[PDB]
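[1] This one's experimental. Sequence and coordinates below.
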Amino acid sequence: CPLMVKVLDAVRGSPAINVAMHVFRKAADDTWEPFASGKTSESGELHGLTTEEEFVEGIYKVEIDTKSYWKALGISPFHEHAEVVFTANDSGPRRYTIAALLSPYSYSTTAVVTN
Amino acid sequence: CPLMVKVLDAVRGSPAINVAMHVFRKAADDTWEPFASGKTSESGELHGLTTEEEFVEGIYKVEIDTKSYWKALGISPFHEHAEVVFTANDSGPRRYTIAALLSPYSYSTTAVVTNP
Amino acid sequence: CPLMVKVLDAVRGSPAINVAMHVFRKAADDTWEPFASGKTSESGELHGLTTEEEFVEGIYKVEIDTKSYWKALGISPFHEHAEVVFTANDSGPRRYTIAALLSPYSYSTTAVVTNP
Amino acid sequence: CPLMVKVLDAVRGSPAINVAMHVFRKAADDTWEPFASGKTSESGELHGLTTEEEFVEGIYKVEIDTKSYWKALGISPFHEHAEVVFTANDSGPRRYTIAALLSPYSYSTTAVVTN
Ligand SMILES: CC(C)=CCc1c(O)cc2oc3cc(O)c(O)c(CC=C(C)C)c3c(=O)c2c1O
Ligand SMILES: CC(C)=CCc1c(O)cc2oc3cc(O)c(O)c(CC=C(C)C)c3c(=O)c2c1O
Ligand SMILES: [Cl-]
Ligand SMILES: [Cl-]
Ligand SMILES: [Cl-]
Ligand SMILES: [Cl-]
């Protein structure tokens, strides 16, 4: 898997578990084509979204349903979702780990791109 | 103003100047309609995007063109843009300051919401 | 002022009001000497800590009492405090804005350094 | 190991490798007693700092030498170091992962506390 997403909860100090997200690829008509989704594990991770053959160069969006997470906890959130939009593989296939750290009125997202 | 955006550069320790952004509002047919746009000033701030009367309840998206900012400084960053999507004014008018803190492979965004 | 600190609350989307902090300056004998202190205002800002003449070159530490802030809101946070340690004015006088963004198990801190 | 530290580099999109840090425990005279140190691995992690028996309740500081890291990269940094100060184990032994995300003029630190 060349794409993994990890989500953490800055209020509880924990992995953010059962967070849903969808991954889209930008089509030629500039619309977002869904192609993968899942929800984070007990470790806050979502693995197995795609394969090296399928994950070709292009622009991808990860839309993380943070609002449902905060709703489940009874805490009023600001954002509808956290969106991470990036071009992949522009220099060849890489492993991408996208990390998101969530608070009700703020989030951070980082990419760690390795070999 | 009821909506202000501030952008900071975490590599240089400075305001992020001349950063373009576009704001959109979700229409009744679920499409993103253009709402306003502008570029940050020398203080990293963009003021005057809207007015209290125009900024009605709805779902708004701010798309901040962080990629062009980094490319002009010679850096090829990870993100295409930083997007902030939120419901505004659901419990009456509020003032929103969106802050974005930028690095080449990371950004943070925060909102400070005040009751006018 | 040459040194300003701004503190924001990422749980409530608000300035972090009445947050205490102490500033220290490293002495010639390598101990931390008291330099200034104060609490944030209703805007989450603490101004007036020092002056251009007093704020000489050196290593400064700002210790922000984030634990008391969260405890007064009913939260038992992870950190005892947020500490910001930095060399100031090494290439002549600068203006420093330190920003801290607080959550119960996380904080971020940023500096914006401007040449007066 | 009840204490692990992970450091990431927000400029390069990578683990922050060979970052030195020291862990201190606050003594009865309010001074900081060193007790563990190390440098991060190729994955940006530092494991094996302490043991469950030794890591008793108390106030601990992790001082991460971020300034040497940025110096090694030729990039002017703001902070002398990143300090993480916390009380441990106040409700019994936990596993603590301290994460730090570094930029030249900013850092973030988070704690994930699990079982
Ligand atoms: C593939 C590799 C060497 C690291 C990818 C990776 C990871 O495997 C675990 C991680 O745990 C983390 C746990 C945290 O509490 C945390 O704050 C981060 C940094 C995420 C931010 C502040 C956007 C990370 C983080 O970036 C991170 C992370 O980037
Ligand atoms: C003097 C100047 C051009 C900017 C200094 C400055 C400021 O005057 C106000 C600010 O408000 C902020 C409000 C926020 O919600 C916010 O998230 C930031 C970013 C700083 C973090 C994530 C620690 C800042 C921020 O860094 C900031 C900031 O750096
Ligand atoms: Cl932010
Ligand atoms: Cl603000
Ligand atoms: Cl962090
Ligand atoms: Cl983790």
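    Structure received. Numbers count the residues shown, from 1 in each chain, chains lettered A, B, ... in the order given. Ligands and ions are numbered 1, 2, ... in the order given.
[2] Skipping its backbone neighbours, what lies nearest residue A:88 in space?
    residue A:60 (5.6 Å; C-beta to C-beta, 6 or more residues apart in numbering or on different chains). For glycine as for every other residue, the C-beta is placed from the backbone atoms N, C-alpha and C.
[3] what bridges to that neighbour?
    residue A:25, residue A:86 (DSSP bridges).
[4] for residue A:25, what are its contacts?
    Contact analysis of residue A:25 by C-beta atoms under 8 Å, 6 or more residues apart in numbering or on different chains lists A:32-33, A:35, A:58-61.
[5] of these, closest to residue A:111?
    Taking C-beta to C-beta as the measure, residue A:111 sits nearest to residue A:60 out of those, at 11.2 Å.
[6] Give the buried subset of the contacts of residue A:25 as a PyMOL selection command.
    Command for PyMOL that selects the buried part of these, burial taken from 16 or more other C-beta atoms under 10 Å in any protein chain shown:
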select buried, chain A and resi 32+60+61
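[7] Any chance of CSV for the contacts of residue A:25, columns distance to residue D:19?
    Converted to CSV, these look like this (distance: C-beta to C-beta, whole Å):
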residue, distance to residue D:19
A:32, 38
A:33, 40
A:35, 37
A:58, 34
A:59, 32
A:60, 30
A:61, 32
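[8] Could you identify the pair within the contacts of residue A:25 that is furthest apart?
    Greatest spatial distance in these: A:35 and A:59, 12.4 Å, computed using C-beta to C-beta.
[9] In chain A, which residue sits nearest ligand 3?
    Closest to ligand 3 within chain A is residue A:106: 5.8 Å, counting by C-beta to the ion.
[10] which bits of chain A sit near chain D?
    Those residues of chain A that sit near chain D, judged by C-beta under 8 Å from any C-beta of the partner chain, are A:8, A:10, A:13-15, A:99, A:101, A:108, A:110-114.
[11] which residues does the closest residue to ligand 6 within chain A contact?
    The nearest approach of chain A to ligand 6 comes at residue A:8, 6.2 Å away (C-beta to the ion). With contact set as C-beta under 8 Å, 6+ apart, residue A:8 has these partners: A:14-16, A:44, A:99-102, D:99, D:110, D:112.
[12] Paired strands for the helix or strand where residue A:6 lies, with orientation please.
    Residue A:6 belongs to strand A:3-9 when assigned by DSSP states H and E. Using DSSP bridges, strand A:3-9 pairs in its sheet with strand A:14-15 (antiparallel), strand A:45-46 (antiparallel), strand A:95-103 (parallel).
[13] Any part of it near ligand 1?
    Yes - using C-beta under 6 Å from any ligand atom, strand A:3-9 comes into contact with ligand 1 via A:6, A:8.
[14] That strand near ligand 5 anywhere?
    No - using C-beta under 5 Å from the ion, strand A:3-9 stays clear of ligand 5, coming no nearer than 8.3 Å.
[15] Give the buried residues for the helix or strand containing residue A:107.
    Residue A:107 belongs to strand A:106-114 when assigned by DSSP H and E. Using 16+ other C-beta under 10 Å as the test for burial, strand A:106-114 gives A:106-113.
[16] same deal with stretch A:92-111?
    Neighbour-count burial for stretch A:92-111, with 16+ other C-beta under 10 Å as criterion, is recorded at A:94, A:96-111.
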